[PDB]
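Student: here's a sequence, model it:
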Amino acid sequence: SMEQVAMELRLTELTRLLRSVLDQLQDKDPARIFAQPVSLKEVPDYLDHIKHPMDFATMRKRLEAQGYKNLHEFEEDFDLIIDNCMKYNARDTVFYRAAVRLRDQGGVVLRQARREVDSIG
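Tutor: Numbers count the residues shown, from 1 in each chain. Have a look at this structure:
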């Protein structure tokens with residue numbers, strides 16, 4: 001149909017917007033602490049602690065498969081990165097502190113992306 005195609009143009013545009021948003025969030029992690037999944041070779045017990053692991057490479061795979069239907073789903077994944085980190089790592093660690101900074105600096109980006117998604121539809 002002509003409709004399914006119009007839909008597909010929107011999703012493709014959402015994917016385009018979310019790609020830019022993801023790039024902006026990941027620039028707030030210059031140490032690349034959240035770039036890749038936590039290694040299960042190097043942290044073998046990780047899944048006993050964290051039931052739903054997330055990282056920026058994994059979000060990118062989903063993004064490029066146009067696997068995010070709305071901003072809410074995207075945000076859910078970004079919040080997993082931060083929240084997983086703040087549970088697994090203690091307050092006095094470079095990892096916890098990196099998550100706090102990512103959360104705080106990401107808020108600004110996410111606030112404007114919400115306005116843009118509502119605005120552009």
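
Student: what about residue 78, distance to residue 67?
Tutor: Using C-beta to C-beta, to the nearest Å, residue 78 is found at 14 Å from residue 67. Using the backbone N, CA and C atoms, a C-beta is placed for each residue, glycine as well.

Student: pick out whichever of those two has more residues nearby.
Tutor: When neighbours are counted by other C-beta atoms under 10 Å, residue 78 comes out ahead of the other of residue 78 and residue 67, with 21 against 13.

Student: now the more buried one: which helix or strand?
Tutor: Under the criterion of DSSP states H and E, residue 78 resides in helix 71-88.

Student: so for that helix, what gets flagged as buried?
Tutor: Residues of helix 71-88 classed as buried by neighbour count (16 or more other C-beta atoms under 10 Å): 71, 74-75, 77-78, 80-82, 84-86, 88.

Student: which two from those residues end up farthest apart in space?
Tutor: Spatial extent of the buried residues of helix 71-88 (C-beta to C-beta) is set by the pair 71 and 88 at 26.1 Å.

Student: show the contacting residues for the spatially most central residue of the chain.
Tutor: Within the chain, one residue has its C-alpha closest to the average C-alpha position: by C-alpha atoms, centre = their mean, that is residue 78, at 3.1 Å. Contacts here follow C-beta atoms under 8 Å, 6 or more residues apart in numbering; on that basis residue 78 touches 25, 54, 59, 106, 110.
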